[PDB]
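Subsequent text provides structure tokens for two forms of one protein chain, presented individually as structure 1 and structure 2.
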Structure 1
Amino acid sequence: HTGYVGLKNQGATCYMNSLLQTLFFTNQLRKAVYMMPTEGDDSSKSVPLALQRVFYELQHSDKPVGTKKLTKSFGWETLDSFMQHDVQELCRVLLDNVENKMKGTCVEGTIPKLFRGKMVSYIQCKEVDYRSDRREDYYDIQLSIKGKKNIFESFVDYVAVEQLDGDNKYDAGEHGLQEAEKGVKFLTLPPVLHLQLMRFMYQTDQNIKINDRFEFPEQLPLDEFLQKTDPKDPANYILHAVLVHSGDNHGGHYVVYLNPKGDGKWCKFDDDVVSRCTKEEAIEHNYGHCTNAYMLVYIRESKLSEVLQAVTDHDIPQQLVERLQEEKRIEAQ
């Protein structure tokens, strides 16, 4: 083996297998999921129980794990369900369910403390003395790709100042229509950074892929995009997961590249096939059967050990272990 088990191809789950391994090796998220109060839940409809089941199978089973119950759990069963939705939406569906389950518990707020960050969106008038500052929260960042060669340029475009001129003048209310500037700057960055690479455009009638080259570094410094940086905790991040899609004319195959321990020892998770791969194969070779990298996961250097805690078999409560083994007994008969 390789110490990591795979997920079986069970229907049009698309990116679901890639996302599940990404959350599984978000080790701190995993231990929080194991300790959720899911005793007395209905197996046929419980997303927190389903995520516990798949994580447990991904930790103990020596054969690839099935995801049928989980697919039934959040009800994506229409023929186009997975291709119409986004990786972000599926991650939101799962993470909201788990975070909602953890409310009132000792591990409550684990999802916000791992993935959510603070951001300010501003609109500043240039001739009149008015400004509008509102705080936003984010769990994921959608990055522009066309015309941007690497993540640094991609982030510069995100913080680039937008202009609101005539025919788009901001409604300043008391000050009337105004020629303002609109922008967004980063207040804080989460310990686990979910970056979606928006490589598509929509002529014909379809959304096509932007197969352009786009570079992402193994180590991503982001202090300069913070409004005020913090010494002793620079916004330094380490690449963790690279979610890839392979691109013949219709096709579509979703695999994820991971260094689960953050040590730069990378593996390719092709569903049930988990294999070792070079760091060149995971990073440089995915810059762009046209394969394209569409989602990246970074972990802050200061938080790397805590986010990637060791997870032992005893971290799983005994009553959780008892219920899952009982289910496997029922299937074996």
Structure 2
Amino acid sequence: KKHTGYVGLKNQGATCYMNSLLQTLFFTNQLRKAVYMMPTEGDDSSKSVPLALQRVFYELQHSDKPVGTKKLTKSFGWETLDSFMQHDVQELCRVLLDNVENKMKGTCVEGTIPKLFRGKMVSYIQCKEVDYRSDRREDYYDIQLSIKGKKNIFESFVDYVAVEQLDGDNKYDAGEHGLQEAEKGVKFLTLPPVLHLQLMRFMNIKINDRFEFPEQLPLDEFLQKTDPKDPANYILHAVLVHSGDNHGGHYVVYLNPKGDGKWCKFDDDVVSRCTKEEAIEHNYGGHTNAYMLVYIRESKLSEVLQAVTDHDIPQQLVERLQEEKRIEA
């Protein structure tokens, strides 16, 4: 904390990618404030996932020493290494934020999860030579981008929206109209304030290819309609990295918490300052791979990364967490 201003977490081992995600969610400041507001006074000390996330966030905000996650792993039942390796980061993040969102219902901080992370997309199937079109509106909290044969995020987004032909052997079952030539596609209606992009490093053959992501990411061309008052310019907030072995390896996260190009490497207990280039360019890959990226929308940056004070944690919660620290010591 003395060098960088920020504390790290206790070592991974079986934990894998949780520490990387916890720092990412902790430095989503608007979420952190909302997490502190959850009415967890009635909750069980051990079994409550909402309370266990308040504990980590509290300790990341106040501790000089590294913060433990053992109370938190016991709460949502992922104790073994197998339980992390079977899942991916978006599934873990979904498990934490569902608990948080459910606890926030009927409270002053309701709807903070969908405000921060929920975007909307339309999937469509249009028949070419017949008048039939199926549409589904879908909420998403995260996007999984393809990287095999893609130079960069721009190209992955182009491929994400690209129109697929349903011709020949793979014609579209159109019900009363029978098999038809058709065009399948997806289109983004809105992009959230905090954008979670996972990069598909497994097709399970692994992909160590060089994949380039920028500091500033404009996404207006991937929307159906563009607001001129609020363009879809996104700014790079976090880069989650894996090195070494599969079914194992070492997980790190790079972060610029204030959103001001001032980057730090979060290597469990060791938080240290780094260059933009160590955080961005040097995690592109080729012959160490980035696997998740977090972008924040430029128009939403002040609100998402709003300053936290110790006053933002309710007195009842502070007293309860210090009662644990006294009794356990």
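Note that the rigid core is defined as the largest set of C-alphas that superpose within 1.5 Å between two forms. Structure 1's sequence is the ruler for residue numbers, which start at 1.
In the overlay on the core between the two structures, a shift of 2 Å or more in CA position is seen for a single residue of 246, 144, 168, 84, which is 168.
Core fit done between the two structures; CA of residue 11 shifted by 3.9 Å. Core-based superposition between the two structures puts the Cα shift at residue 130 at 0.6 Å.
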